[PDB]
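Down below is the structure, laid out as structure tokens.
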Amino acid sequence: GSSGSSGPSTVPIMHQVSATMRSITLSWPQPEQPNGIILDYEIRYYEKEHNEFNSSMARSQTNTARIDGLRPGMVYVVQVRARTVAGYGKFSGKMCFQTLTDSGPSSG
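120 is the number that our numbering gives to position 80 of the sequence shown; each next residue is one higher, with no gaps.
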């Protein structure tokens, strides 16, 4: 983001709670400088190999949402943003969340 209109704050980091083989659960803290009322929280996920262009977007009515429609044992770059009546906010710290692996992880 650059030379853009002043938008709402953004989450510093993202915290995960759980995840499935065909989905993933995540969570993020609520900002203090939302520059207004946070309508909803939008999220963007895409294949670590793929780019933004070909990505999926999904918002929620809370600071907690889960992504459905993923492959088992695959990393997915998920991000959360803050949207308000004023405009869209920047994305939170980039994170990589992978799904469950049904292969048999020796160590981890």
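Each residue gets a CB set at the ideal place from its N, CA and C atoms; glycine is no exception.
- Secondary-structure assignment with DSSP links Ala122 through a beta bridge to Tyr81.
- Just so you know, the alpha carbons of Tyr85 and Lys134 end up roughly 11 Å apart.
- Collapsing the DSSP output to three states places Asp142 in coil.
- The beta strand (DSSP E) runs of length 3 or more contained entirely in the segment 51-95 are, from start to end of the chain, 55-59, 63-67 and 78-87.
- In this structure, DSSP gives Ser100 an extended state, which the three-state scheme calls strand.
- Annotation: the continuous beta strand (DSSP E) that includes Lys130 extends over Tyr128 to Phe131.
- Residue environment analysis places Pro69 among the exposed positions, since fewer than 16 neighbouring C-beta atoms fall within 10 angstroms of its C-beta.
- A distance below 8 Å separates the beta carbons of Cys136 and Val115.
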